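Please read the structure below before turning to the comments.
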There are 2 protein chains.
Amino acid sequence: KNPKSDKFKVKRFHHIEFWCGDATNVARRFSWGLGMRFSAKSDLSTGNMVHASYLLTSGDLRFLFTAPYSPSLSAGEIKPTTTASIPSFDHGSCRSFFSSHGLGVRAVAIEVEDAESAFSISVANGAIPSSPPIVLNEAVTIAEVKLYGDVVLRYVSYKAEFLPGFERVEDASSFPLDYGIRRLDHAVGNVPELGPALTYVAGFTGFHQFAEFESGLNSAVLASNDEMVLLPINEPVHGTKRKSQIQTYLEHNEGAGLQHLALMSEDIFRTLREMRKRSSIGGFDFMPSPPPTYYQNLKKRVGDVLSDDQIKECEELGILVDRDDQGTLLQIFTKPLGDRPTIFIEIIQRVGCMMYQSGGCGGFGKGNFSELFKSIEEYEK
Amino acid sequence: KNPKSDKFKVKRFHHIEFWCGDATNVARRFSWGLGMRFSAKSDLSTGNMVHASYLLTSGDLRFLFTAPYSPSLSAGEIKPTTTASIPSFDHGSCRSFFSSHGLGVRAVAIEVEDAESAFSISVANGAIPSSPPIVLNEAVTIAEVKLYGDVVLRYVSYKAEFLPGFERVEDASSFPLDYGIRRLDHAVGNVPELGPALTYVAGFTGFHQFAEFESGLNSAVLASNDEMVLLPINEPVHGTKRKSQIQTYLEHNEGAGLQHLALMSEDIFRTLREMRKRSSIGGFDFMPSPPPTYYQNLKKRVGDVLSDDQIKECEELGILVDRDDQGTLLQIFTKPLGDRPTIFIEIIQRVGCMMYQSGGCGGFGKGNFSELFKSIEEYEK
Ligand SMILES: Cc1c(C(=O)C2=C(O)CCCC2=O)ccc2c1c(=O)n(CC(=O)NCCOc1ccc3ccc4cccc5ccc1c3c45)c(=O)n2C
Ligand SMILES: Cc1c(C(=O)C2=C(O)CCCC2=O)ccc2c1c(=O)n(CC(=O)NCCOc1ccc3ccc4cccc5ccc1c3c45)c(=O)n2C
Ligand SMILES: [Co+2]
Ligand SMILES: [Co+2]
């Protein structure tokens, strides 16, 4: 059931912004590890005396990395005279965020029809305002409300090229890396209490609960009208034999925040071949692979969707498989992206639900918690 | 002239420590960009609840990257019960350093015969103490005094494997990258006033002024007895037509600090081939290459040291060449390592002064300021 109750017109995920200590080093690491091209910049070389911001792209996926300069460079500016390209940026907020949480996502940005109306409707329906609508070069409007923790939901709307004041990157510095990643599928938050978090976000967005089918968590998914903006939220389950990874997250993150980004690949086999080649030479590491019993058990579960060879290809790459009533999910998880056991990445590809493919086809892999446990037991033997 | 006036026995450069916001991302970027292997770690997985520290090595070059965890993880510890492997580490100091200066060098570490005596003699001779001698696992002693700005000179001495509490890295995560870099040749600081900085450091070390032969700077080099520890220091020259890069550094760094690290390569041609291949795929960028007139002028200057082909190889890679009365220097400079126009790297190789090669053979390339200017004028034509 989908009541299509969005209180304003939402289009697609637009970008994800990381708040960093040094944007250059994080952006270069991510570019190589994920196969994303340097696409745009806003920094001292573009006249921005406030923050350094570098944009990476792969298909429609946009990752923005931002760090503050010394406040002394902009000490004579006021908001009316700012050289910042992102007017919501604040030195103190950024330093406080990073000192509290370490490297992580500050903004989950969605494109909307009218960012001013989305902001107004959101706040009228309980959203805590974070940054008011600001019109950039009479061309783009940006506004921000609190999502959870210190993560904001950023609304962006365009009259008619990322943001004004950003410059396209010199193609000598823009190597055309591409490992197959194409868009953000979903963005997942960890909170201490799922109920109040769901009520708050669904309250100001009108997003509905997305249909699904002790492992340490309870979760639910909020979805826009066409179910292409997907925002799962997790809470810990306390008292388990194995400590909840959600609780570990909350401890090391100093509270609620974004847990993982799920990145859709148009060819998850190529993406994982390319990412795994680079794990130990600057890229990203992956979770330990499931035992071979897991891949023998795949024949009975998805043998009508994947051939034996395609199943063997999943086994070589450590890919997990889950199934809905409508489709099939291929997924895999990285180790944490930075020092703290907090944020990580998921690579996914979805099979089925052709109408275009409907959002969320095959679910989110919750069936893989039980399958992994069974598989671990069976391999013990 | 070398009076050999060291007030304590100094051996060689031991390591360089960067203070980071996220050590993982900086270390992975540097590993790929410079061809350094992940060699050791001290972090949550080794029981360190205080800081994440990752060691990269290439030959005898040791780069350490350290970032603080949430203080909450160690809030019950005191110094007698600390799980930090580097007892001088302090959360507040590290966050303050990084917020003030951005990514940069906190510690220039030299190995000495006895770190406790070096500390005591240094402080008796004017050094400002930063961290007192602490004996680690009855095996290593570490002590720190102020060098310039918020950079410390760290003394390390060994009774008889980096530091106790560090663990060797799993060789699955330890890819054997190597682009030819072999050791730290020199480490250069920028200060507002050269005179007082020289008097202070030479005062507590006994290091002597190393012999040499308007560009925006005055410089001098302090050297240990065998001239293998080399510490140049720069001050700006004000009022020049082109603003001093030293003054720009001081402004963007919020004061004095480490300007560049010069890394000796055993094969600078291979090192630059490998580094330039990776510049736009996560590595380091290099300064703009000098015009071809510079390389035509090399025949008259070093045609007795480099063949035409070896000169052409310098031209393909953008390598600079300078000459002393004793030897020849091949050098090249990276663009800044992070967001701010502050710290950068120099790659060097020295030719001549065979006895082993004496320290500082061929100088530091000061002749290349004038040669570059002449070369730029000639290419204008
Ligand atoms: C995240 C996820 C999903 C998922 O998408 C999802 C949604 O979209 C919405 C619905 C709810 C939900 O779940 C589905 C299936 C998953 C997983 C998943 O995450 N996982 C495994 C894991 O645990 N991944 C994170 C691992 O965390 C850590 C990794 C590495 C470390 C290394 C050293 C460490 C040292 C000290 C403490 C540490 C704590 C946590 C550490 C860690 C520590 C899995 O198996 N399935 C099968
Ligand atoms: C450093 C050095 C040595 C050297 O070893 C040395 C010693 O060992 C001890 C004795 C004193 C000394 O000198 C020798 C020769 C050098 C150089 C050297 O450094 N150079 C060129 C340059 O300038 N390298 C740093 C470039 O800084 C910047 C690079 C890139 C940017 C990009 C964007 C920017 C935007 C805005 C502001 C910026 C400010 C500064 C920016 C910058 C800015 C050179 O040519 N020779 C020839
Ligand atoms: Co997911
Ligand atoms: Co130098």
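Start at 1 and go down the list; that is how both ligands and their atoms are numbered. Lettering follows sequence order; numbering is per chain, from 1.
- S224(B) places a side-chain N or O within donor-acceptor distance of the main-chain N or O of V229(B), the cut-off being under 3.5 Å.
- Listed by number with element, the atoms of ligand 2 under 4.0 angstrom from any heavy atom of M287(B) are 26 (C), 29 (C), 30 (C).
- Under a 3.5 Å cut-off, the side chain of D322(A) and the backbone N or O of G367(A) do form a donor-acceptor pair.
- For the pair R301(A) and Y294(A), the cation-pi test (distance below 6.0 Å, angle within 45°) is passed.
- Contacts with ligand 1 closer than 4.0 Å are made by side-chain heavy atoms of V188(A) only, the backbone lying farther away.
- An N or O contact shorter than 3.5 Å is missing between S219(A) and ligand 1 by distance.
- The closest approach between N234(B) and ligand 2 falls below 4.0 Å for a heavy atom of the residue.
- Under 4.0 Å from ligand 2, the heavy atoms of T248(B) that appear belong solely to its side chain.
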CA sep, side-chain torsions, deciding dist, call: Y69(B), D339(A), side-chain hydrogen bond (donor to acceptor under 3.5 Å, both in side chains):
CA-CA 8 Å; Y69(B) 291 128; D339(A) 291 339; over 6 Å; no
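- Those atoms of ligand 1 that come under 4.0 Å of a heavy atom in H260(A), given as number and element, are 1 (C), 4 (C), 5 (O), 6 (C), 7 (C), 8 (O).
- Cation-pi geometry between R350(A) and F364(A) is met: the NZ or CZ atom falls under 6.0 Å from the ring centre, inside 45° of the normal.
- The residue from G363(A), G216(A), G367(A), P336(A) that puts a heavy atom closest to atom 30 (C) of ligand 1 is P336(A).
- Proximity of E346(B) to ligand 2 is established by a heavy-atom distance of less than 4.0 Å.
- Near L372(A), meaning under 4.0 Å from one of its heavy atoms, ligand 1 places the atoms 45 (O), 47 (C).
- At a threshold of 2.8 Å, the Co ion (ligand 4) has a backbone or side-chain N, O or S atom of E346(B) nearer than that distance.
- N368(B) places no side-chain N or O within 3.5 Å of a backbone atom of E371(B) that could act as its donor or acceptor partner.
- Of all atoms in ligand 2, numbered sequentially from 1 with element shown, those under 4.0 Å from a heavy atom of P341(B) are 38 (C), 39 (C), 40 (C), 43 (C).
- Side-chain atoms of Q245(A) come within 3.5 Å of backbone N or O of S215(A) as a donor-acceptor pair.
- The proximity of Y249(B) to ligand 2, defined as any non-hydrogen pair under 4.0 Å, does not occur for either the backbone or the side chain.
- Using a 4.0 Å cut-off to heavy atoms of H186(A), the atoms of ligand 1 that qualify are 8 (O).
- Shortest non-hydrogen contact noted between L250(B) and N190(B) is CD2-O, 3.9 Å.
- When the options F344(A), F333(A), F210(A) are ranked by their closest heavy atom to atom 2 (C) of ligand 1, first place goes to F333(A).
- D324(B) places a side-chain N or O within donor-acceptor distance of the main-chain N or O of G363(B), the cut-off being under 3.5 Å.
- Judged purely by atom type and a 3.5 angstrom limit, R340(B) uses its side chain to pair as donor or acceptor with the backbone of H252(B).
- Across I246(B), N368(B), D43(A), heavy-atom proximity to atom 47 (C) of ligand 2 is greatest for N368(B).
- A side-chain donor-acceptor contact under 3.5 Å links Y249(A) to the backbone of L258(A).
- If you look at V221(B) next to ligand 2, there are no close heavy atoms at all, none under 4.0 Å.
- Contact atoms of ligand 2 toward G365(B): 14 (C), 15 (C) (distance under 4.0 Å to a heavy atom of the residue).
- By the criterion of a heavy-atom distance under 4.0 Å, neither the backbone nor the side chain of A262(A) is placed next to ligand 1.
- Taking only nitrogen or oxygen atoms, main chain and side chain alike, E212(A) does not reach within less than 3.5 Å of ligand 1.
- For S279(B) (side chain) and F284(B) (main-chain N/O), a donor-acceptor pair under 3.5 Å exists by modelled atom type.
- Look at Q245(B) and you'll find every heavy atom at least 4.0 Å from all atoms of ligand 2.
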